[PDB]
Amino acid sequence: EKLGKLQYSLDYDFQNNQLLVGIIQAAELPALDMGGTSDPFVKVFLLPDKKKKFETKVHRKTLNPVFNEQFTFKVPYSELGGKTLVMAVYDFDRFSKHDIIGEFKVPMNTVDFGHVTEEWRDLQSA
């Protein structure tokens, strides 16, 4: 499926014991409204604790939103390896339930915290 792509970054604040998730921008998203646009936003959380969650601002009438946001998760470094970061992109609708675009998951045990990288990943269906 061609659902667009998301650019994000991961870092760990070793001084305050927090995971830092940069949600930078998305590109080439599907148009889920009339007239060729969507109103995208991203939900961000860590599995298995769907507790502590964030979402970006809703960007209106764009398939290439520049979020420029950063989220902070208080999670002990020794426990981070067992977590999976979920970034799920939706189309905000006022007059109906929000339309799923797609998502990407990052198992935290795959992450190198030695240097921050910006990563593009293609969105997937759940």
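One-based numbering along the sequence shown.
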As stated in the PDB record, which stretch has the larger average Cα B-factor, 90-98 or 41-49?
90-98
Please compare 66-74 with 51-59 and name the stretch with the higher mean C-alpha B-factor in the deposited structure.
51-59
Between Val106, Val116, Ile23, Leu20, which one tops the list for Cα B-factor in this entry?
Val116
By its CA B factor, does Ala31 count among the lowest, middle or highest third of the modelled residues in the chain?
middle
